[PDB]
Every structure is written in C-alpha cells, then in structure tokens.
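Protein chains get the first letters and strands the later ones, always in sequence-line order, with residue 1 at the start of each. The figures that follow rest on heavy atoms only: side chains count, while hydrogens, waters and symmetry mates do not.
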Number of protein chains: 6
Amino acid sequence: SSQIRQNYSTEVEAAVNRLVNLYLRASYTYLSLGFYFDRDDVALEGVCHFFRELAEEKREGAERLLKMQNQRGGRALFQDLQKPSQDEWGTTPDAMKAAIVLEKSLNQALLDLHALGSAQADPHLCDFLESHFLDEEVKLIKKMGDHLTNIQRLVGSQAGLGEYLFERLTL
Amino acid sequence: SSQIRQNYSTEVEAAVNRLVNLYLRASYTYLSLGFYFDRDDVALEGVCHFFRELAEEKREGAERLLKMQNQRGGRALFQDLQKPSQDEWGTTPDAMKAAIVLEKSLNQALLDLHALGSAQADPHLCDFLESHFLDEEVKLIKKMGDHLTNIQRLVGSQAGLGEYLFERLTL
Amino acid sequence: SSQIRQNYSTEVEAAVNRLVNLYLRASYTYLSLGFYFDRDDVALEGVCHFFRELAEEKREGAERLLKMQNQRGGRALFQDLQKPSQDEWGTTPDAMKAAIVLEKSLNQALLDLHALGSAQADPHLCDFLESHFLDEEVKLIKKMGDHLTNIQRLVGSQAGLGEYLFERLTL
Amino acid sequence: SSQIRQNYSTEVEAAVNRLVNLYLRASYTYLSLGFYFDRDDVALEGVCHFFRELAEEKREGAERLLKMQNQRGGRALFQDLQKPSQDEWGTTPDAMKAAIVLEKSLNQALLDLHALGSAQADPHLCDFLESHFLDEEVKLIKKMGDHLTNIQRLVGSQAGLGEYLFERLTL
Amino acid sequence: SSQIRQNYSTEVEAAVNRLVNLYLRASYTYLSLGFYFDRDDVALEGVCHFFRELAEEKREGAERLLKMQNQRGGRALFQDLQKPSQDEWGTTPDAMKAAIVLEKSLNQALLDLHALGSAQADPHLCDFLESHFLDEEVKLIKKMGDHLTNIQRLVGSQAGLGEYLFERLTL
Amino acid sequence: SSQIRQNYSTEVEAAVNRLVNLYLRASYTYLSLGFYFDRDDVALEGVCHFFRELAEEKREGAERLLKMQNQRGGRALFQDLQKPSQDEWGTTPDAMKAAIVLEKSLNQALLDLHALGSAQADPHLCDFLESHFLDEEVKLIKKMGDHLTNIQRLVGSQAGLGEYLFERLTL
C-alpha cells in the first residue's frame with residue numbers, strides 16, 4: 001500500500017494500531033461489565049444494557065480506525081487483547097467509576113494521537129479524530145459523570161433501594 | 001411615534017421599559033438556574049429543563065412588552081442587565097424557593113404597573129397585562145408552590161433520594 | 001466537575017465564559033436593532049425580522065457554549081450584560097454597518113479563543129469552534145456585506161425609495 | 001448464583017468459559033482476515049465482507065454462550081484473547097483454507113463440550129449446542145468447502161483472473 | 001471586499017486561486033480521459049463514465065473554492081488552463097496510474113495550503129479543507145488504488161480479457 | 001476509429017476540436033462572470049446565477065461536440081484554455097454586452113462550421129449543428145438583447161437603483 005500512502009508517518013501508523021488495541025480492550029471490558037450485571041445475583045438489566053451498548057460502540061470505534069488505517073495505506077496489525085482488569089465489578093457506582101476511568105484513558109490516548117498528528121502535520125488524521133472520536137468521548141464522559149452523581153446521591157440515601165431506582169428510572 | 005400615540009402616559013412608557021428589564025433579568029436568572037442543574041455534579045435534567053423553559057417564557061414576555069411599547073407609540077429603551085443573584089443555586093428546594101421569590105417580584109411589578117395604568121385611565125394597558133401576564137403569573141406561582149411542597153415532603157424523608165424521585169417522576 | 005474535566009485549561013474555561021457574555025451582548029444588541037425597525041416612524045418589517053432572527057441566533061450560540069462549558073467540566077459564570085451601544089440605529093445602511101462591526105468583533109473573539117485552544121493543545125475546543133461558529137460567522141458576514149453593498153447602491157440613487165425597495169425585495 | 005443453579009457441573013461451567021474464549025478468538029481472526037482483504041494492495045471487497053460478517057457471527061456466538069452461562073447460574077470469566085495466527089493471509093484460497101481449519105477447530109470444541117454435557121446428563125446444555133451451534137457450523141463448513149472448491153477450480157485456470165471472478169460473481 | 005475580509009492573508013488568497021487552477025486542470029484531464037475511453041477503438045464505457053464523473057467532481061471542487069474565496073473577501077483570479085499531459089491514455093492500468101498521480105498531486109497541494117493556513121493561524125481555511133477536500137481525496141485515492149490492484153491482477157492473467165472484465169464487473 | 005469513420009473530413013474533425021475549445025473558453029468566461037457578481041462588493045445574485053447557468057450550458061455544448069466527434073470516428077484533441085478577457089466585469093450592462101459579444105462569436109463559429117460541412121456535403125454535421133446549437137444560440141442572443149435593453153432603460157434612469165431592480169425582478 002505504498003501505492004496510495006501519502007503524508008502518513010510510521011509513528012502515526014503504529015499509534016493507530018495501538019489505539020485499535022485500546023478500543024478493543026475497552027469493548028472487552030464493557031462486555032464483562034454487561035454480563036456481570038446480567039448475573040441473577042446482581043440483576044440490573046438497565047446497567048447490563050448500558051454496558052453492552054458501550055461494548056458495541058467501542059468495537060465500532062476500532063473498526064473505524066481499522067478502516068482509516070487502510071484508507072491511508074498503513075498496515076493493520078493486531079496484538080493480544082488483555083482481559084479486563086476485574087472479574088467482578090461491585091456495585092453500580094463502582095462500575096460507573098471504572099467506566100469513567102476507562103473512558104478518560106481512551107480520551108487521553110486520542111489526545112496523544114492528535115498531538116502526534118499535529119506535530120507531524122497530518123491534518124487528515126487530526127480531522128478524523130475530531131470528527132469521529134473526540135466529541136463522542138466528551139459527550140460520553142459527561143453522561144457517565146451525570147450518572148455517577150445520580151447514583152451516588154441515591155446510594156448515599158439507601159444503598160440497595162437507590163441502585164434499583166437508578167436502574168429503573170434512568171437506564 | 002407621536003403620530004400614533006394616544007392616551008399613553010410618559011409614566012407608563014417608562015414603567016414598561018423597566019418591566020422589560022425585569023423580565024430579561026428573570027430570563028437571565030433562569031438561564032443560570034438551568035445550566036447549574038446541567039452540571040455533571042448536580043445533574044438533574046428535569047430541573048435543568050424546567051428552568052430553561054422558564055428562561056424562554058420570560059424572554060417571550062419581554063418581547064411582548066416591547067411589541068406593545070411600539071404599538072402604543074412609546075420608545076423602547078434598554079438598560080444593562082444585571083447578572084443573577086447567585087452563581088450556584090444549591091438543592092432543588094433552594095432553587096424552587098428562589099424561583100418563587102423571583103416570580104412574586106415580577107408579579108408585584110405587574111400589579112404596580114396595572115395600578116399605574118388604572119390611575120391614568122389606560123384600559124388598553126390594563127387589558128394587556130390581564131390578558132397576557134397576570135394569570136400566567138398566578139398559574140406559574142401555583143405550580144411552583146405545588147412543586148416546592150412536593151420537593152420538601154420528599155427531601156424531608158431522605159434528601160438525595162427525594163431529589164432524584166422528584167426530578168424523575170414530576171419534571 | 002473535577003470528576004469529568006480533562007485537558008480543559010482554566011484559561012479556556014474563563015475565555016468561554018467571556019465569549020458567552022459577548023454572544024449574549026450581541027443578542028441584546030440585535031433585540032434593540034429589531035425593535036428600532038419596528039417603530040411606527042421607522043417601519044421596515046424586513047429589517048426588524050432580519051435583526052430579530054439574529055438575536056435568536058446569537059442567544060443560541062451562547063447556549064451552545066454553555067452546554068459545551070458543562071460538557072467539559074468547566075463552571076459557567078455569568079456577568080452583567082451591558083446595554084447596546086446605541087438607543088437609535090439610524091438608517092438601514094447605518095444599522096447594517098453596526099451589525100458588520102458587531103460580527104467582526106465576535107469573529108475576532110472566536111479566533112482569539114481558537115488560538116488559545118491551539119496553544120493549549122485543546123483539539124476538542126478547536127473542533128467545537130470550527131464546527132459550530134467559524135463558518136457561521138464567515139457566512140453571516142458575507143451576507144451582511146452583500147446586503148450593505150445593495151443598500152448603499154440603492155440609497156446612493158434615492159435614499160427613502162432605496163430603503164423601501166431593499167426591505168421589500170431582499171429581506 | 002447458587003440460587004438458580006441446578007444440574008450444572010463445574011466442568012461444564014469452565015468448558016463454557018473456554019468456548020467463549022475460542023469464539024472471541026475466532027471473531028478476532030475474522031476481523032483480521034476482513035481488514036487484510038480491505039487493503040488497497042489486496043482489494044477484494046466480497047472477501048472482506050464475507051470475513052467481516054463472520055467476525056460478527058462468532059461474536060454473536062460468544063454472547064449467546066455468555067447469556068447461557070448466566071441463565072444456568074455459572075460465572076462468566078474472561079481470559080486474554082490471543083491475536084490471530086497470521087498478520088497477512090495470502091490469496092483467497094489460502095484464507096478460505098485457514099477459515100475451514102478455524103471452523104473445524106470450533107466444531108470439534110462444540111462436539112467435545114456436547115460429549116461432556118452428555119456424560120454429565122446435562123440435556124439443557126446438549127439441546128442448547130444442537131439448537132444454536134452444531135448445525136450453524138455444519139452449514140458454514142459446507143459453504144466454505146463449496147467456496148474453496150470453486151476458488152481452486154478458478155485459480156487453477158488463471159490465478160489473478162480466477163480470484164477476481166470469484167469475488168465478483170460468488171461473494 | 002475589504003469590507004468583510006478578516007484574518008485572510010494575501011498568501012492564502014493567492015494559494016486558493018492557484019488551487020482553483022489545479023482543480024480545473026484536473027477536471028480537464030478527466031474530461032480527456034473520459035472521451036478517450038469513449039472512442040470506438042477503446043470502447044470501455046465503465047471507464048469513460050468513471051473519469052467523466054471525476055471531471056464533474058473536480059469542477060465542483062473548484063467552484064467550492066471560488067465560493068469560499070468570495071466568502072472570505074478574497075478576489076478570484078483565473079489563469080490559463082493548460083491542456084492535459086497526454087492526448088491518448090493507453091490501457092486501463094495506464095489511465096488509473098495517471099489518475100493516482102494526478103490525485104496525489106492535488107492532495108499534496110491541499111496539504112501545502114493547509115500547512116500555510118496553519119502557519120497563518122487561519123482556522124476557517126483549515127476547517128474548510130478538512131471538511132470538504134482532505135477526506136474526499138483520501139477516499140478517492142484508496143478507491144483508485146483498489147482499482148489499480150484489481151486491474152493489474154486481471155491484465156497480468158490476460159490483458160484484453162482482464163480489461164473487459166474489470167469494466168463490466170467493477171465499473 | 002478508421003473502422004467507423006465515413007464522410008467525415010479532416011477539415012471538419014479539426015474544426016470540431018477548435019469549436020470544443022471555444023465552448024470551453026466561453027464556459028470559463030461565464031464562470032468568471034458568475035463569481036464576479038458573487039463578490040460582496042458587487043453582490044447581484046440573479047446576475048451571478050444567470051452567468052453560472054450559462055457556464056454549465058457552454059460546458060454541455062462542448063461535451064455534446066466531443067460525443068459527436070467520437071460518434072463520427074474523429075479524434076478529440078484538447079488545447080490550452082485561455083483565461084477570460086477580463087478579471088473584473090464592470091456593471092450589469094457591461095457584463096451583458098460582453099456576453100452578447102461572446103455569444104455572437106460562438107454563433108459565427110457555428111455558422112462557419114456549418115458552411116464547411118455544407119461545402120463538404122456532410123449533412124450529419126449540418127443537422128447536428130442545426131438541431132443542437134443554432135437555435136439555442138439565436139434564442140440566447142435574443143434573451144440577452146432583451147436583457148440589455150431593459151438594463152439600459154433602467155440604468156439610464158438611475159444607475160444603482162436600476163441595476164438592483166433588474167436583478168430582483170427579471171433575473
């Protein structure tokens with residue numbers, strides 16, 4: 001794909017492969033979060049669906065990056081996908097906190113790649129990230145922050161009851 | 001606009017300009033209330049929307065007054081709009097209380113203008129206020145009183161939980 | 001909102017609050033322009049509507065900035081809104097000139113904020129301004145320049161007649 | 001989930017987790033196959049789509065297994081996902097051969113799990129595999145065998161031309 | 001148009017005029033490619049249409065640049081349009097290669113203009129190019145690379161036959 | 001294309017290539033006229049659109065000639081396209097006069113080609129020109145003459161006002 005490649009550095013090509021791995025890892029983590037909340041002894045369907053939807057969103061992000069890698073003439077390379085950091089995810093506020101930490105990590109990775117593209121004068125890359133990822137992240141993180149505030153306000157009053165109310169009336 | 005002006009005193013013309021300023025100040029206050037409840041660390045969307053809707057209603061009131069000023073041949077004159085009295089608005093009951101205080105202030109201003117128009121035998125003014133403002137205020141104040149009673153009943157039981165329930169099930 | 005805030009400088013947060021104030025001031029100015037042209041002794045309905053529509057557009061810009069401030073985890077802070085620079089706005093060309101001066105001032109403010117965001121490596125901010133504001137301004141300024149040329153061409157021939165024709169056939 | 005678990009052995013629970021890992025690994029492999037054929041220097045869109053569709057099918061299989069794990073009261077546990085066995089996948093017949101090897105491996109895993117469930121008198125497990133997986137595999141393997149025969153017949157005549165014809169007229 | 005011009009350098013204004021010339025030259029080249037493939041002794045209608053469609057796309061790009069030149073207050077200036085580099089365009093792979101060379105030249109010109117706008121802190125220009133041109137080019141170049149790979153694979157097997165198949169089944 | 005060519009002289013083939021160049025030059029001129037009237041300091045949208053529509057009509061004429069060249073078995077050959085005769089086009093009557101001069105030049109070229117075809121007993125050529133070009137030109141020139149008369153009548157009364165009225169009420 002040296003035939004189409006233009007203004008696409010090796011540094012960016014590698015960073016894009018790393019970012020694909022991070023998005024796939026995030027999707028895997030959300031798959032685990034979703035099925036945890038689907039357990040009969042956890043049983044919060046709104047939370048299960050929230051995280052399962054996010055697994056799909058992160059996979060879609062990876063696929064968009066891969067499509068872009070090929071559009072630019074870079075070579076997609078896949079690495080092992082490490083398993084999620086936990087096997088069990090605690091309460092709703094525990095899970096939402098872990099999700100915010102995860103999204104901030106992806107966001108920082110996006111910002112770092114943007115900074116690299118800017119240094120290398122790669123405006124297509126910079127536009128691609130801004131158009132498809134940066135605002136998606138900002139909106140998602142705001143939503144999770146809103147959720148966490150509501151969950152914390154609820155479980156501060158009464159833990160079990162608050163978790164049920166949030167799952168029923170928000171999610 | 002001396003060409004159309006009839007039975008429209010300078011006192012009423014000035015009072016109408018003052019009232020426009022008060023309605024615009026009220027709209028600004030509601031804009032601030034709305035965005036406060038939109039913060040990720042407050043996060044009560046029903047409350048945000050309630051106040052944002054009221055910002056629009058107050059602006060519309062100002063515009064109606066301005067249209068009327070011109071219909072009567074008076075000259076619209078604008079003054080600085082002072083910023084809202086608070087930067088942060090506390091809890092839902094705090095905000096609803098501030099809103100009731102605000103509306104009673106507008107209502108008193110409307111009543112004072114009505115009394116002026118009555119003293120000056122300006123029935124068009126008196127009809128205009130009765131038809132477009134006085135009942136709107138009475139209905140709004142009743143609604144906010146109903147809200148405050150419900151919020152107080154809820155937060156008296158359990159603060160955080162009560163605020164969430166009200167935002168979800170009333171607003 | 002330290003819980004969601006990431007890569008969002010205090011300098012940008014403050015500049016966004018200042019920009020909200022500028023957009024609200026612009027909206028207020030357009031409200032005054034609109035009602036001036038609605039006076040029975042000015043009476044150019046197309047001009048009144050043109051400026052009233054712009055009052056709405058500027059308010060919407062402010063609201064978008066406020067939404068963004070919260071999305072990023074900054075704190076919206078409101079200041080007094082100074083009244084418009086004039087109480088009376090002269091002829092159509094006078095008003096259109098004042099409008100172009102106003103828009104160039106907002107545009108420069110947008111460019112200054114963009115430069116700040118670029119210096120601080122805040123690509124979300126830069127994208128936000130480019131996507132929602134920069135082109136809107138360029139298009140609006142071009143439209144007002146087209147208008148001013150047409151108005152000037154018309155009032156150069158015959159003042160009163162030219163103003164009427166422009167209001168009727170362009171606006 | 002000891003509260004719902006009945007006739008569900010630890011051996012089957014573990015084997016189901018292993019099978020989830022195998023289906024996710026297969027999905028990952030198909031993702032890599034799909035993006036390989038999407039490269040500008042490979043450029044067989046029908047082949048890209050064939051494998052991308054299979055990535056989705058394998059992920060869906062994993063999700064069904066996970067849903068079943070929870071339905072039975074077992075605990076879903078995730079392991080690292082090893083990267084695909086190749087970074088580049090050769091020609092269409094090379095890729096289809098690798099795909100048949102992959103599917104036979106999944107099929108054997110399904111048969112082994114079925115044999116385990118049969119030995120443990122777990123008819124729900126046995127029915128689940130028969131209803132959702134065993135025939136899906138048989139049909140898919142038959143389709144890939146049909147494909148490979150056609151591809152081999154074509155590239156035996158003329159390699160490049162044959163690959164293009166197959167991608168255009170079959171896929 | 002000194003009346004609307006703001007933050008728009010003479011360097012960018014001139015570069016935009018040069019870019020218009022390049023897009024018009026590209027459109028002219030594609031017109032020639034299209035009519036070459038329409039000759040009764042070449043006779044590849046899918047190839048004719050592919051290039052005629054691109055002539056239209058390049059002309060549209062020029063028109064968008066011209067519209068933008070005026071929106072910014074610059075002065076559109078036209079230069080002679082040099083004729084295409086060839087009178088006859090060889091085989092399908094010859095033509096597709098020439099097309100890729102042409103598009104890479106336009107792309108480099110776009111990147112050079114973007115770099116200029118970035119150096120001059122002209123974010124409207126940079127956004128304009130990113131939004132309307134940079135990705136269009138990346139997508140087009142990827143498509144042409146995919147085409148060239150397929151054509152080369154086909155004519156490597158059997159020249160005449162391969163050209164016919166590609167025109168029929170891809171274009 | 002000696003395989004299809006019949007009764008098609010080298011003189012006509014060359015003249016057709018020259019005519020294509022003239023139509024493309026005319027289209028380029030109209031592109032320049034259109035964007036001139038789109039400038040913020042000229043700003044006559046009806047005039048801009050009138051000339052932009054004519055740019056399209058002339059390009060379409062060129063394309064029809066090229067299609068015909070190939071239908072007859074001649075070889076399309078392209079030459080440089082000289083830039084338009086002016087960078088700035090004055091007032092509406094100035095531009096309409098230049099347009100009439102341009103169209104009369106194309107018309108004379110069409111008549112000269114018709115005379116050549118008649119001398120060479122090429123009835124297909126003669127029919128082609130009569131059916132697709134000669135009446136189109138006569139109708140267009142009549143329309144431009146009608147326009148010029150109206151514009152001249154208007155600007156004779158009052159220049160600026162007259163130009164605005166014509167753009168608004170005719171174009």
Side-chain angles (χ1 to χ4, degrees), chain B residues 1-6 8 10 12-25 27-28 59-81 128, chain C residues 22-62 81-106 140-141 143-145 147-148 150-152 154-155 159-171:
Chain B
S1 37
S2 77
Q3 95 188 331
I4 69 175
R5 191 180 185 141
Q6 183 174 25
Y8 195 60
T10 55
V12 163
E13 175 181 19
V16 168
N17 283 329
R18 290 195 298 276
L19 191 57
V20 167
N21 190 267
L22 295 182
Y23 266 72
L24 294 176
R25 288 175 56 192
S27 179
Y28 203 15
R59 191 193 59 251
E60 284 168 1
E63 284 161 14
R64 186 169 314 255
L65 284 159
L66 287 161
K67 176 170 172 218
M68 183 274 290
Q69 180 77 287
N70 277 349
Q71 286 169 325
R72 292 299 303 273
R75 180 178 299 278
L77 287 176
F78 299 94
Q79 291 315 140
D80 304 327
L81 275 201
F128 170 86
Chain C
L22 295 182
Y23 266 72
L24 294 176
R25 288 175 56 192
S27 179
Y28 203 15
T29 291
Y30 281 130
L31 184 70
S32 178
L33 279 152
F35 281 96
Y36 170 77
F37 286 94
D38 184 65
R39 291 178 53 82
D40 74 270
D41 61 358
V42 179
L44 294 165
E45 277 303 303
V47 187
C48 165
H49 282 251
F50 178 77
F51 290 129
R52 287 189 48 48
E53 288 158 27
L54 288 173
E56 168 183 310
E57 295 310 296
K58 298 305 159 182
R59 191 193 59 251
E60 284 168 1
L81 275 201
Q82 49 199 89
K83 70 185 201 178
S85 64
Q86 301 179 208
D87 295 323
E88 295 195 337
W89 299 96
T91 61
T92 300
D94 293 331
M96 202 62 66
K97 280 170 196 176
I100 286 162
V101 171
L102 182 51
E103 293 301 328
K104 287 173 149 180
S105 81
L106 288 182
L140 181 54
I141 291 165
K143 181 57 77 167
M144 289 179 168
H147 287 348
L148 182 62
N150 276 282
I151 300 153
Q152 288 170 327
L154 279 162
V155 306
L161 200 99
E163 276 195 282
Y164 177 77
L165 285 174
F166 182 74
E167 182 265 340
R168 289 284 96 183
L169 303 181
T170 290
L171 299 177

side-chain contact (heavy atoms from CB on, under 4.5 Å) evaluation trace for C:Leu140 with C:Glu57: CA-CA 11 Å; C:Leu140 181 54; C:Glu57 295 310 296; over 6 Å; no

C:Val47 side chain reached by C:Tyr36 side chain, heavy atoms, under 4.5 Å: no

Side-chain donor-acceptor pair present, B:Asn17, B:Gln69, cut-off under 3.5 Å: yes

Between CG on residue C:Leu31 and CZ on residue C:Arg59, distance to nearest 0.5 Å: 10.0 Å

Check: B:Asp80 main-chain N/O paired with B:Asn21 side-chain donor or acceptor under 3.5 Å: yes

Side chain proximity check, C:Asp38 to B:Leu66, heavy atoms < 4.5 angstrom: no

Separation between OG1 of C:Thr91 and CG of C:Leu44, rounded to the nearest 0.5 Å: 10.0 Å

Other residues, nucleotides, ligands: >12 heavy atoms within 6.0 Å of B:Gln6 CD: no

Distance in Å, C:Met96 CE paired with C:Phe166 CZ, rounded so as to fall on 0.5 Å steps: 5.0 Å

Step-by-step salt bridge (charged side-chain N to carboxylate O under 4.0 Å, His left out) determination, C:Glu88 to B:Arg75: CA-CA 10 Å; C:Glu88 295 195 337; B:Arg75 180 178 299 278; 2.7 Å; yes

Flag side-chain contact, heavy atom, 4.5 Å: C:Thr92 against C:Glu167: no

Closest non-hydrogen atom pair between C:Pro84 and C:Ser32, with its separation: CG-CB, 3.8 Å

Gap between atom CG of B:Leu22 and atom CG of B:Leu65 - 0.5 Å precision: 10.0 Å

Smallest separation among heavy atoms of B:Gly74 and B:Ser1, with atom names: O-OG, 4.2 Å

Validation row: C:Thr29, C:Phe51 side chains within 4.5 angstrom (heavy atoms): no

Side-chain touch C:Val42/C:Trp89, heavy atoms, less than 4.5 angstrom: no

Intermediate values then yes/no, side-chain contact (heavy atoms from CB on, under 4.5 Å), B:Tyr8 and B:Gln71: CA-CA 11 Å; B:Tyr8 195 60; B:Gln71 286 169 325; over 6 Å; no

Minimal non-hydrogen separation, C:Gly145 against C:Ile100, with atom names: N-CD1, 3.9 Å

Heavy-atom closest contact (B:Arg25 atom, B:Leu81 atom, distance): N-CD2, 3.9 Å

Step-by-step salt bridge (charged side-chain N to carboxylate O under 4.0 Å, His left out) determination, C:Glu56 to C:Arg52: CA-CA 7 Å; C:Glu56 168 183 310; C:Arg52 287 189 48 48; over 6 Å; no

Main-chain N/O of C:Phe35 paired to B:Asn70 side chain as donor or acceptor, under 3.5 Å: yes

Student check: side-chain heavy atoms of C:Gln86 and C:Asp94 closer than 4.5 Å: no

Heavy-atom closest contact (C:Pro93 atom, C:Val155 atom, distance): CG-CG2, 4.3 Å

Spacing of B:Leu24 atom CG and C:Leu24 atom CG [to the nearest 0.5 Å]: 11.0 Å

Shortest non-hydrogen contact between C:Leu33 and C:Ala95, atoms and distance: CD2-CB, 3.7 Å

Note, C:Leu102 side chain near C:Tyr30 side chain (heavy atom, < 4.5 Å): yes

Spacing of B:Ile4 atom CD1 and C:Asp40 atom CG [to the nearest 0.5 Å]: 3.5 Å

Heavy-atom check, side chain of C:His147 versus side chain of C:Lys143, under 4.5 Å: yes

Carboxylate-amine/guanidinium proximity below 4.0 Å for B:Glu60 and B:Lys67: no

